[PDB]
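**Q** Contents of target21.tsv (TSV, C-alpha atoms and all ligand atoms) are given next:
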chain	number	residue	atom	x	y	z
A	1	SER	CA	17.02	-6.92	-32.56
A	2	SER	CA	20.86	-6.79	-32.74
A	3	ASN	CA	20.19	-3.59	-30.70
A	4	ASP	CA	20.73	-3.54	-26.90
A	5	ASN	CA	17.41	-4.70	-25.33
A	6	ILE	CA	17.82	-4.28	-21.52
A	7	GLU	CA	15.20	-6.53	-19.83
A	8	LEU	CA	13.07	-4.64	-17.25
A	9	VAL	CA	12.17	-6.51	-14.00
A	10	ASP	CA	8.56	-6.32	-12.65
A	11	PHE	CA	8.12	-5.20	-8.99
A	12	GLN	CA	4.63	-5.25	-7.37
A	13	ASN	CA	3.41	-3.99	-10.79
A	14	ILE	CA	4.35	-0.55	-9.33
A	15	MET	CA	7.93	-0.15	-10.65
A	16	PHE	CA	10.41	-1.83	-13.06
A	17	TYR	CA	14.10	-2.49	-12.18
A	18	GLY	CA	16.87	-2.83	-14.82
A	19	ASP	CA	20.14	-4.72	-14.12
A	20	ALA	CA	23.45	-3.02	-15.10
A	21	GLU	CA	27.23	-3.04	-14.38
A	22	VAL	CA	29.72	-0.19	-13.64
A	23	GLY	CA	33.53	-0.34	-13.26
A	24	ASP	CA	36.26	-2.47	-14.91
A	25	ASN	CA	35.20	-5.39	-12.62
A	26	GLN	CA	31.67	-4.84	-14.06
A	27	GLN	CA	30.22	-4.59	-10.51
A	28	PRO	CA	26.44	-5.32	-10.84
A	29	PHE	CA	23.88	-2.80	-9.45
A	30	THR	CA	20.06	-2.48	-9.76
A	31	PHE	CA	19.02	0.78	-11.51
A	32	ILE	CA	15.46	1.93	-12.47
A	33	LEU	CA	15.01	3.84	-15.78
A	34	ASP	CA	14.28	7.60	-15.35
A	35	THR	CA	13.08	9.65	-18.38
A	36	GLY	CA	14.01	12.75	-16.32
A	37	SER	CA	17.11	12.05	-14.16
A	38	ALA	CA	20.38	12.54	-16.12
A	39	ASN	CA	23.88	12.12	-14.59
A	40	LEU	CA	23.96	8.42	-13.51
A	41	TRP	CA	23.99	7.88	-9.70
A	42	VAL	CA	26.12	5.09	-8.12
A	43	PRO	CA	26.13	3.78	-4.49
A	44	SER	CA	29.70	3.85	-3.07
A	45	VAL	CA	31.59	1.50	-0.71
A	46	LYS	CA	32.73	4.78	0.96
A	47	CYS	CA	29.03	5.30	2.02
A	48	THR	CA	28.90	4.88	5.83
A	49	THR	CA	25.05	4.75	6.04
A	50	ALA	CA	23.23	1.57	7.15
A	51	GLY	CA	20.98	1.55	4.02
A	52	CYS	CA	24.11	1.46	1.74
A	53	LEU	CA	25.51	-1.71	3.46
A	54	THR	CA	22.36	-3.80	2.65
A	55	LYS	CA	22.70	-3.03	-1.13
A	56	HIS	CA	25.51	-3.28	-3.76
A	57	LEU	CA	28.21	-0.54	-3.53
A	58	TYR	CA	30.75	0.56	-6.20
A	59	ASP	CA	34.52	0.34	-5.51
A	60	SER	CA	36.87	2.91	-7.08
A	61	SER	CA	40.09	0.90	-6.40
A	62	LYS	CA	38.94	-2.26	-8.29
A	63	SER	CA	38.64	-0.36	-11.63
A	64	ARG	CA	41.63	0.21	-13.98
A	65	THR	CA	39.37	2.47	-16.12
A	66	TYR	CA	38.35	4.64	-13.11
A	67	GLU	CA	39.01	8.43	-13.09
A	68	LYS	CA	38.59	10.91	-10.18
A	69	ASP	CA	37.39	14.44	-11.11
A	70	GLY	CA	37.04	15.14	-7.36
A	71	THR	CA	34.49	17.94	-7.96
A	72	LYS	CA	31.86	17.71	-5.16
A	73	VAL	CA	28.14	17.21	-6.05
A	74	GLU	CA	25.42	17.79	-3.39
A	75	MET	CA	21.89	16.72	-4.50
A	76	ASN	CA	19.45	17.84	-1.78
A	77	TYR	CA	15.98	17.24	-3.24
A	78	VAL	CA	12.82	18.07	-1.21
A	79	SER	CA	12.67	16.11	2.12
A	80	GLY	CA	16.10	14.76	1.08
A	81	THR	CA	19.89	15.22	1.44
A	82	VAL	CA	22.40	13.49	-0.92
A	83	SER	CA	26.15	14.10	-1.53
A	84	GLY	CA	28.75	12.59	-3.93
A	85	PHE	CA	31.94	13.40	-5.91
A	86	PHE	CA	32.38	13.31	-9.73
A	87	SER	CA	33.92	10.01	-10.95
A	88	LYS	CA	34.31	8.80	-14.56
A	89	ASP	CA	34.59	5.05	-15.28
A	90	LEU	CA	33.51	2.34	-17.76
A	91	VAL	CA	29.68	2.00	-17.63
A	92	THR	CA	28.62	-1.39	-19.07
A	93	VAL	CA	24.92	-1.64	-20.04
A	94	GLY	CA	24.12	-4.84	-22.00
A	95	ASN	CA	26.44	-5.31	-25.02
A	96	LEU	CA	27.69	-1.67	-24.82
A	97	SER	CA	30.57	-0.40	-22.64
A	98	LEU	CA	31.21	3.41	-22.70
A	99	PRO	CA	33.32	5.52	-20.24
A	100	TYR	CA	30.75	7.84	-18.55
A	101	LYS	CA	30.93	10.49	-15.76
A	102	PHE	CA	28.88	9.35	-12.71
A	103	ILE	CA	28.18	10.96	-9.28
A	104	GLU	CA	29.77	8.74	-6.58
A	105	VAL	CA	27.30	9.18	-3.65
A	106	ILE	CA	28.53	8.76	-0.03
A	107	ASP	CA	25.46	10.26	1.77
A	108	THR	CA	21.87	8.94	1.31
A	109	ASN	CA	20.28	9.78	4.71
A	110	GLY	CA	17.42	12.02	3.52
A	111	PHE	CA	16.05	8.98	1.55
A	112	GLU	CA	17.81	6.23	3.60
A	113	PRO	CA	14.50	4.72	4.98
A	114	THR	CA	12.92	4.72	1.46
A	115	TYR	CA	16.08	3.23	-0.18
A	116	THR	CA	16.60	0.55	2.51
A	117	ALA	CA	13.03	-0.74	1.83
A	118	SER	CA	13.48	-0.39	-1.98
A	119	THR	CA	15.33	-3.11	-3.97
A	120	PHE	CA	17.15	-0.55	-6.24
A	121	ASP	CA	20.73	0.56	-5.40
A	122	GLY	CA	20.90	3.44	-7.94
A	123	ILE	CA	19.07	5.28	-10.78
A	124	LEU	CA	19.18	5.61	-14.62
A	125	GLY	CA	19.70	8.90	-16.53
A	126	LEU	CA	18.06	8.84	-20.00
A	127	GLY	CA	17.28	12.57	-20.49
A	128	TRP	CA	18.68	15.46	-22.58
A	129	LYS	CA	22.06	16.93	-21.46
A	130	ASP	CA	20.08	20.12	-20.64
A	131	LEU	CA	19.01	18.41	-17.36
A	132	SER	CA	22.48	16.80	-16.93
A	133	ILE	CA	24.88	18.16	-14.23
A	134	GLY	CA	28.51	19.10	-15.05
A	135	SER	CA	27.43	19.36	-18.72
A	136	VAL	CA	27.34	15.52	-19.13
A	137	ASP	CA	26.11	14.30	-22.56
A	138	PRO	CA	23.21	11.73	-22.72
A	139	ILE	CA	24.24	8.01	-22.58
A	140	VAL	CA	22.19	7.11	-25.74
A	141	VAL	CA	23.56	10.17	-27.67
A	142	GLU	CA	27.18	9.17	-26.75
A	143	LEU	CA	26.47	5.56	-27.93
A	144	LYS	CA	25.53	7.13	-31.36
A	145	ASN	CA	28.71	9.35	-31.36
A	146	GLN	CA	30.58	6.02	-30.96
A	147	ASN	CA	30.12	3.11	-33.45
A	148	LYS	CA	27.83	1.22	-30.99
A	149	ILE	CA	24.29	2.22	-32.15
A	150	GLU	CA	23.27	3.82	-35.49
A	151	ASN	CA	20.31	5.91	-34.14
A	152	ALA	CA	20.22	7.97	-30.88
A	153	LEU	CA	16.88	6.43	-29.82
A	154	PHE	CA	15.60	4.19	-26.98
A	155	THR	CA	12.23	2.38	-26.61
A	156	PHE	CA	10.48	1.00	-23.47
A	157	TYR	CA	8.52	-2.28	-22.99
A	158	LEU	CA	7.28	-2.26	-19.33
A	159	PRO	CA	6.72	-5.81	-17.92
A	160	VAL	CA	3.26	-4.86	-16.52
A	161	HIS	CA	2.01	-8.49	-16.35
A	162	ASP	CA	3.91	-10.98	-14.11
A	163	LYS	CA	4.75	-13.18	-17.15
A	164	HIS	CA	5.31	-10.04	-19.31
A	165	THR	CA	9.08	-9.30	-19.36
A	166	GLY	CA	10.31	-5.69	-19.73
A	167	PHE	CA	12.78	-4.62	-22.46
A	168	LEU	CA	14.68	-1.39	-23.32
A	169	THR	CA	15.56	-1.58	-27.06
A	170	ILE	CA	18.35	1.02	-27.56
A	171	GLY	CA	19.39	1.94	-31.13
A	172	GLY	CA	16.27	0.86	-33.09
A	173	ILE	CA	12.51	0.07	-32.93
A	174	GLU	CA	10.96	-3.44	-32.98
A	175	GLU	CA	7.39	-3.60	-34.40
A	176	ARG	CA	7.04	-6.84	-32.35
A	177	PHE	CA	6.84	-4.74	-29.13
A	178	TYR	CA	4.25	-2.20	-30.40
A	179	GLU	CA	1.03	-3.44	-32.08
A	180	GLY	CA	-0.98	-1.05	-34.32
A	181	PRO	CA	-0.02	2.55	-35.35
A	182	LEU	CA	3.07	4.45	-34.08
A	183	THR	CA	2.37	8.22	-33.87
A	184	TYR	CA	5.01	10.90	-33.05
A	185	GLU	CA	4.37	14.26	-31.31
A	186	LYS	CA	6.74	17.30	-31.42
A	187	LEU	CA	8.58	18.36	-28.21
A	188	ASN	CA	7.59	21.70	-26.57
A	189	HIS	CA	11.32	21.87	-25.64
A	190	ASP	CA	14.59	19.85	-25.93
A	191	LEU	CA	15.71	20.25	-22.26
A	192	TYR	CA	13.84	17.04	-21.26
A	193	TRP	CA	11.43	14.56	-22.95
A	194	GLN	CA	8.14	16.56	-23.03
A	195	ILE	CA	5.32	17.25	-25.55
A	196	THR	CA	2.24	19.50	-26.06
A	197	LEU	CA	-1.14	17.67	-26.04
A	198	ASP	CA	-4.80	18.64	-25.36
A	199	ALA	CA	-6.23	16.78	-22.31
A	200	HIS	CA	-9.99	15.99	-22.46
A	201	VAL	CA	-11.72	13.95	-19.70
A	202	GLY	CA	-15.35	13.89	-20.94
A	203	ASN	CA	-16.93	17.39	-20.68
A	204	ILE	CA	-13.82	18.62	-18.73
A	205	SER	CA	-11.28	20.35	-21.03
A	206	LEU	CA	-7.66	21.60	-20.77
A	207	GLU	CA	-5.94	22.09	-24.18
A	208	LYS	CA	-2.21	22.88	-24.75
A	209	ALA	CA	-0.97	20.71	-21.83
A	210	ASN	CA	2.76	19.85	-21.47
A	211	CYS	CA	2.28	16.04	-21.24
A	212	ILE	CA	5.65	14.67	-19.97
A	213	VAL	CA	6.40	10.88	-19.91
A	214	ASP	CA	8.29	9.69	-16.78
A	215	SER	CA	9.41	6.05	-16.31
A	216	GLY	CA	10.33	6.90	-12.69
A	217	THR	CA	6.92	8.41	-11.76
A	218	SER	CA	4.59	5.52	-10.77
A	219	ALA	CA	1.30	7.38	-11.44
A	220	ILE	CA	-0.47	9.78	-13.88
A	221	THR	CA	-0.29	13.40	-12.60
A	222	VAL	CA	-2.87	16.13	-13.34
A	223	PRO	CA	-3.48	19.82	-12.28
A	224	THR	CA	-5.10	20.04	-8.80
A	225	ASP	CA	-8.29	21.74	-10.13
A	226	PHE	CA	-8.62	19.19	-12.98
A	227	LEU	CA	-8.40	16.24	-10.52
A	228	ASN	CA	-11.30	17.71	-8.46
A	229	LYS	CA	-13.71	19.11	-11.13
A	230	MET	CA	-13.59	15.77	-13.00
A	231	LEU	CA	-14.17	13.72	-9.77
A	232	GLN	CA	-17.63	15.03	-8.74
A	233	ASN	CA	-19.78	12.26	-7.13
A	234	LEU	CA	-17.91	9.49	-9.07
A	235	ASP	CA	-18.02	7.32	-5.89
A	236	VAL	CA	-14.24	8.02	-5.53
A	237	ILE	CA	-13.28	7.84	-1.80
A	238	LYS	CA	-10.56	10.37	-0.81
A	239	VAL	CA	-7.82	9.87	1.86
A	240	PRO	CA	-7.61	12.79	4.37
A	241	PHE	CA	-4.11	14.17	5.26
A	242	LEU	CA	-2.78	11.57	2.74
A	243	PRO	CA	-2.24	12.17	-1.06
A	244	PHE	CA	-4.17	8.97	-2.03
A	245	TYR	CA	-7.69	8.06	-3.28
A	246	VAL	CA	-9.78	4.81	-3.25
A	247	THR	CA	-12.82	3.81	-5.40
A	248	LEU	CA	-15.04	0.90	-6.50
A	249	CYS	CA	-13.22	-1.40	-8.99
A	250	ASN	CA	-16.44	-1.88	-11.11
A	251	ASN	CA	-17.93	1.70	-11.00
A	252	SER	CA	-19.25	2.94	-14.39
A	253	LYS	CA	-18.57	6.63	-13.48
A	254	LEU	CA	-14.74	6.03	-13.76
A	255	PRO	CA	-13.65	8.11	-16.85
A	256	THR	CA	-10.91	7.49	-19.47
A	257	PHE	CA	-7.90	9.89	-19.60
A	258	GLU	CA	-7.68	10.98	-23.26
A	259	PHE	CA	-5.14	13.29	-24.96
A	260	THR	CA	-5.96	14.66	-28.45
A	261	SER	CA	-3.46	16.30	-30.85
A	262	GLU	CA	-3.00	16.94	-34.61
A	263	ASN	CA	-0.83	13.83	-35.32
A	264	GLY	CA	-3.06	11.36	-33.34
A	265	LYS	CA	-5.05	10.58	-30.14
A	266	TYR	CA	-4.22	8.56	-26.97
A	267	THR	CA	-6.55	7.08	-24.28
A	268	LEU	CA	-5.69	5.58	-20.83
A	269	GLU	CA	-8.57	3.51	-19.33
A	270	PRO	CA	-9.68	2.62	-15.72
A	271	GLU	CA	-7.84	-0.76	-15.69
A	272	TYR	CA	-4.63	1.31	-16.06
A	273	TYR	CA	-5.14	4.09	-13.44
A	274	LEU	CA	-6.65	1.72	-10.81
A	275	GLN	CA	-4.73	-0.29	-8.16
A	276	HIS	CA	-5.90	-3.65	-6.71
A	277	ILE	CA	-5.90	-2.37	-3.07
A	278	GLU	CA	-8.50	-5.06	-2.19
A	279	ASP	CA	-5.62	-6.46	-0.05
A	280	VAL	CA	-6.78	-4.21	2.86
A	281	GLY	CA	-10.46	-4.12	1.77
A	282	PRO	CA	-11.77	-6.57	-0.90
A	283	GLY	CA	-13.43	-4.99	-3.98
A	284	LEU	CA	-11.61	-1.70	-3.25
A	285	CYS	CA	-9.32	-0.17	-5.94
A	286	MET	CA	-7.03	2.93	-5.65
A	287	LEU	CA	-6.80	5.67	-8.32
A	288	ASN	CA	-3.08	5.87	-9.31
A	289	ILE	CA	-3.55	9.65	-9.81
A	290	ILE	CA	-1.34	12.17	-7.91
A	291	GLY	CA	-2.62	15.74	-8.40
A	292	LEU	CA	0.00	18.54	-8.57
A	293	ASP	CA	0.12	22.11	-10.05
A	294	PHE	CA	3.13	23.64	-11.85
A	295	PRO	CA	4.13	27.12	-13.25
A	296	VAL	CA	2.59	26.30	-16.70
A	297	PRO	CA	-0.11	23.73	-17.71
A	298	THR	CA	1.56	20.28	-17.32
A	299	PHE	CA	0.58	16.58	-17.01
A	300	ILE	CA	2.65	13.43	-16.19
A	301	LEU	CA	2.39	10.14	-18.17
A	302	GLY	CA	4.10	7.80	-15.65
A	303	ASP	CA	4.14	3.98	-15.43
A	304	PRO	CA	0.33	3.86	-16.06
A	305	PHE	CA	0.44	5.41	-19.59
A	306	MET	CA	3.82	3.82	-20.49
A	307	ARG	CA	2.51	0.42	-19.25
A	308	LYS	CA	-0.29	0.39	-21.88
A	309	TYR	CA	1.59	2.30	-24.63
A	310	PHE	CA	5.02	1.15	-25.90
A	311	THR	CA	7.07	4.40	-25.65
A	312	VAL	CA	9.66	5.66	-28.20
A	313	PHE	CA	12.25	8.48	-27.77
A	314	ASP	CA	14.47	10.03	-30.51
A	315	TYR	CA	16.90	12.91	-29.84
A	316	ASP	CA	17.50	13.12	-33.66
A	317	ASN	CA	13.73	13.53	-34.41
A	318	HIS	CA	13.18	15.85	-31.35
A	319	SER	CA	9.94	13.89	-30.76
A	320	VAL	CA	8.28	11.23	-28.56
A	321	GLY	CA	6.69	8.31	-30.46
A	322	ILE	CA	3.81	6.28	-28.94
A	323	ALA	CA	2.10	2.99	-29.97
A	324	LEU	CA	-0.11	0.33	-28.30
A	325	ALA	CA	2.12	-2.13	-26.38
A	326	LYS	CA	1.79	-5.72	-27.72
A	327	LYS	CA	-0.34	-7.97	-25.46
A	328	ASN	CA	1.89	-10.06	-23.13
A	329	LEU	CA	3.30	-12.86	-25.36
B	401	LIG	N1	12.18	10.92	-11.45
B	401	LIG	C1	12.70	11.93	-10.74
B	401	LIG	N2	13.75	11.67	-9.96
B	401	LIG	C2	14.27	12.72	-9.22
B	401	LIG	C3	15.39	12.47	-8.42
B	401	LIG	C4	15.98	13.50	-7.68
B	401	LIG	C5	17.18	13.22	-6.81
B	401	LIG	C6	18.14	12.16	-7.33
B	401	LIG	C7	19.49	12.17	-6.64
B	401	LIG	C8	20.17	10.81	-6.64
B	401	LIG	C9	19.55	9.84	-5.64
B	401	LIG	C10	20.22	8.49	-5.52
B	401	LIG	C11	20.74	7.84	-6.63
B	401	LIG	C12	21.36	6.61	-6.51
B	401	LIG	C13	21.47	6.01	-5.28
B	401	LIG	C14	20.96	6.63	-4.16
B	401	LIG	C15	20.34	7.87	-4.28
B	401	LIG	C16	15.42	14.77	-7.73
B	401	LIG	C17	14.30	15.03	-8.51
B	401	LIG	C18	13.73	14.01	-9.26
B	401	LIG	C19	12.58	14.28	-10.12
B	401	LIG	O1	12.04	15.37	-10.22
B	401	LIG	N3	12.11	13.19	-10.86
B	401	LIG	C20	11.01	13.44	-11.79
B	401	LIG	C21	11.45	13.41	-13.24
B	401	LIG	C22	11.45	14.80	-13.89
B	401	LIG	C23	12.92	15.18	-14.00
B	401	LIG	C24	13.64	14.09	-13.27
B	401	LIG	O2	12.80	12.94	-13.35
Do you think you could lay out the structure here as structure tokens?
**A**
Amino acid sequence: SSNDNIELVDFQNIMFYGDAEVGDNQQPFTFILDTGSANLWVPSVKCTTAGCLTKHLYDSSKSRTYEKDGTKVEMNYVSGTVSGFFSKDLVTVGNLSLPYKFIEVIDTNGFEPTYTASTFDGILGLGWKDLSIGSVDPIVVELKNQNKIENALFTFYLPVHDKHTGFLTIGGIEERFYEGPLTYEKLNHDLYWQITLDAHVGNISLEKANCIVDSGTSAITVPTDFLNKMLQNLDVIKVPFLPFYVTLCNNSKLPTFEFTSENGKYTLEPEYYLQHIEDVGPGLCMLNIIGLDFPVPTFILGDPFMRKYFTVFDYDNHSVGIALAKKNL
């Protein structure tokens, strides 16, 4: 559509990378979409780390539209340590170019080994301002404040298959991408993209679950107890001292992850939550399920769910829309 469709690149069918440019010189940098992360993050030429030098780095001097807030920003996530200073400049994504406030990082040691190995140089913030630092408005909302898109909405088309090419339609919805019905579900809150659905894995039940879709997450989460009670003699090998699990690729005991709600029902099947780990041992597949508990009932619909279901997000509707992703081609 005349809307901005940012192609998503396929990587080991485990993550998608989206190209983008920042600065007046439109310096190119690889950024992965993140339904959660907000304030955009940018690698900086001022970064003295070894992992920074092997990837693209932004330059503040080669931008006539650059601005220096100077306010320091230290992001030290768990097993991590990051630091950058506020910097506003022209952020060019596809056919749209809006001045946005980004965090110019100079320290990336706490994730330096993980970044050096990874082909991304930054991240993408596509969440509600509630999760944004320095009270920074959402990119897609600011594109609708400007005469650049007519709707504050963004859709995802993960390039699961090698031939399948990813796309991020921003400003409208293309029926071509999603085949069959498109159902919307209310948001339990407006801080970040999240909904309330009733999880049912066969006889195992957990209603009123805060299903949250994350493009960054590369697996489907689940409460710790739910992961165990459901996996009782299902021939699912477990990895000790390692948060991973293996299992037969053809086993009939492998359930389907289904979420029921008043507006419609969703179902993720084995071919979606299984990984072809036959590389180490033929015929062996890994469950892309990472169990984790939170302060209130919560589930995570990461790449797996988004890969099968074309996702839709609308700040104006205060809802997440879901529909079957069109078969490759
Ligand atoms: N995805 C995701 N990313 C996260 C990222 C962080 C740290 C990011 C700091 C910037 C790192 C960086 C950027 C650019 C270049 C080098 C380094 C912390 C928590 C989450 C975190 O919780 N999540 C999960 C969901 C839920 C809410 C957010 O997204």
**Q** Which protein, DNA or RNA residues have an atom within 7 Å of ligand LIG 401 (chain B), counting all atoms listed in the file, as an MDAnalysis selection string?
**A** chainID A and resid 34:37 41:43 75 77 82 105 108 121:123 214 216:217
**Q** For stretch 280-325 of chain A versus stretch 251-268 of chain A, which residues have an atom no more than 8 Å away, and what is each residue's nearest atom pair and distance in Å rounded to one decimal, using only C-alpha atoms, chain-then-number order, as CSV?
**A**
residue,atom,partner,partner_atom,distance
A:304,CA,A:268,CA,7.9
A:305,CA,A:268,CA,6.3
A:308,CA,A:268,CA,7.6
**Q** Which neighbours of residue A:51 fall inside 8 Å, counting only C-alpha atoms, when residues of the same chain fewer than 2 positions from it are skipped, and could you give them as a PDB file with C-alpha atoms, in the coordinates of the input?
**A**
ATOM      1  CA  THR A  49      25.050   4.750   6.040  1.00  0.00           C
ATOM      2  CA  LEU A  53      25.510  -1.710   3.460  1.00  0.00           C
ATOM      3  CA  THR A  54      22.360  -3.800   2.650  1.00  0.00           C
ATOM      4  CA  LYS A  55      22.700  -3.030  -1.130  1.00  0.00           C
ATOM      5  CA  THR A 108      21.870   8.940   1.310  1.00  0.00           C
ATOM      6  CA  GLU A 112      17.810   6.230   3.600  1.00  0.00           C
ATOM      7  CA  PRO A 113      14.500   4.720   4.980  1.00  0.00           C
ATOM      8  CA  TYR A 115      16.080   3.230  -0.180  1.00  0.00           C
ATOM      9  CA  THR A 116      16.600   0.550   2.510  1.00  0.00           C
TER      10      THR A 116
END
**Q** Could you give me, as a list in words, the residues within 8 Å of residue A:154, counting only C-alpha atoms and dropping anything in the same chain fewer than 4 positions from it?
**A**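 Answer for this query is residues 140, 168, 169, 170, 171, 172, 173, 312, 313 and 314 of chain A.
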**Q** One decimal, in Å: what's the spacing between atom CA of residue A:125 and atom CA of residue A:149?
**A**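 Atom-to-atom, atom CA of residue A:125 and atom CA of residue A:149 are spaced 17.6 Å apart.
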